[PDB]
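Notes to accompany the following structure.
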Amino acid sequence: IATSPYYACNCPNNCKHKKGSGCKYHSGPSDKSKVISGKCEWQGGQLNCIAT
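Just so we're aligned: the sequence shown equals residues 1 to 52 in PDB author numbering.
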(Lines of atoms letter the chains of each structure in order from A; the text may use other names.)
(Lines give C-alpha, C1' and ligand atoms only; values in the text may rest on other atoms or scores of the structure.)
Protein backbone atom coordinates (compact mmCIF):
# COMPACT_ATOMS: atom_id res chain seq x y z
CA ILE A 1 0.00 0.00 0.00
CA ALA A 2 1.02 3.61 -0.58
CA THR A 3 2.88 5.29 2.27
CA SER A 4 1.61 8.33 4.21
CA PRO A 5 -0.76 10.72 2.34
CA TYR A 6 1.78 13.53 2.66
CA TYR A 7 4.59 11.65 0.90
CA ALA A 8 2.36 9.99 -1.71
CA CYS A 9 1.15 13.32 -3.08
CA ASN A 10 4.23 15.36 -2.10
CA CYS A 11 6.24 16.56 -5.10
CA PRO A 12 9.85 16.28 -3.77
CA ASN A 13 8.97 12.69 -2.91
CA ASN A 14 6.33 12.07 -5.60
CA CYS A 15 5.72 14.70 -8.33
CA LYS A 16 3.83 12.06 -10.31
CA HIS A 17 0.71 13.04 -8.38
CA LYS A 18 -0.71 16.55 -8.66
CA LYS A 19 -3.87 18.28 -7.43
CA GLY A 20 -6.90 16.35 -8.61
CA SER A 21 -4.88 13.14 -8.97
CA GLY A 22 -6.24 10.04 -7.27
CA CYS A 23 -4.27 8.47 -4.44
CA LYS A 24 -4.34 5.93 -1.63
CA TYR A 25 -2.62 5.35 1.71
CA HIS A 26 -2.66 3.01 4.69
CA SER A 27 -3.60 4.39 8.10
CA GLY A 28 -2.96 1.74 10.72
CA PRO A 29 -0.37 -0.30 12.68
CA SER A 30 1.70 -3.01 10.97
CA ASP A 31 0.19 -4.87 8.02
CA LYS A 32 -3.14 -4.69 9.79
CA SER A 33 -3.51 -1.24 8.20
CA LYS A 34 -5.85 -0.77 5.25
CA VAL A 35 -5.38 1.21 2.06
CA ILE A 36 -7.65 4.24 2.00
CA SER A 37 -8.65 5.82 -1.31
CA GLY A 38 -8.52 9.58 -1.70
CA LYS A 39 -7.51 12.62 -3.75
CA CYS A 40 -4.36 14.77 -3.64
CA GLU A 41 -5.05 18.32 -2.40
CA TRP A 42 -2.75 21.23 -1.52
CA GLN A 43 -2.74 22.32 2.13
CA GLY A 44 -1.33 25.71 1.29
CA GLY A 45 1.96 24.49 -0.12
CA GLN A 46 2.20 20.76 0.56
CA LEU A 47 0.39 17.95 -1.24
CA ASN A 48 -1.59 15.55 0.95
CA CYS A 49 -3.89 12.69 0.04
CA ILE A 50 -7.39 13.35 1.35
CA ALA A 51 -9.41 10.19 1.76
CA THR A 52 -13.03 10.73 0.80
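Even for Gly, the Cβ is constructed at its ideal location relative to N, Cα and C.
Asked                                                                                                                : Found
Own chain partners of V35 with C-beta closer than 6 angstroms, once the 5 adjacent residues on each side are dropped : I1, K24 and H26
One or two residues paired with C40 in a DSSP bridge                                                                 : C49
Counted within 10 angstroms of its Cβ, other Cβ atoms place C15 as buried (16 or more) or exposed                    : exposed
Collapsed DSSP secondary structure at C23 in the structure displayed                                                 : strand
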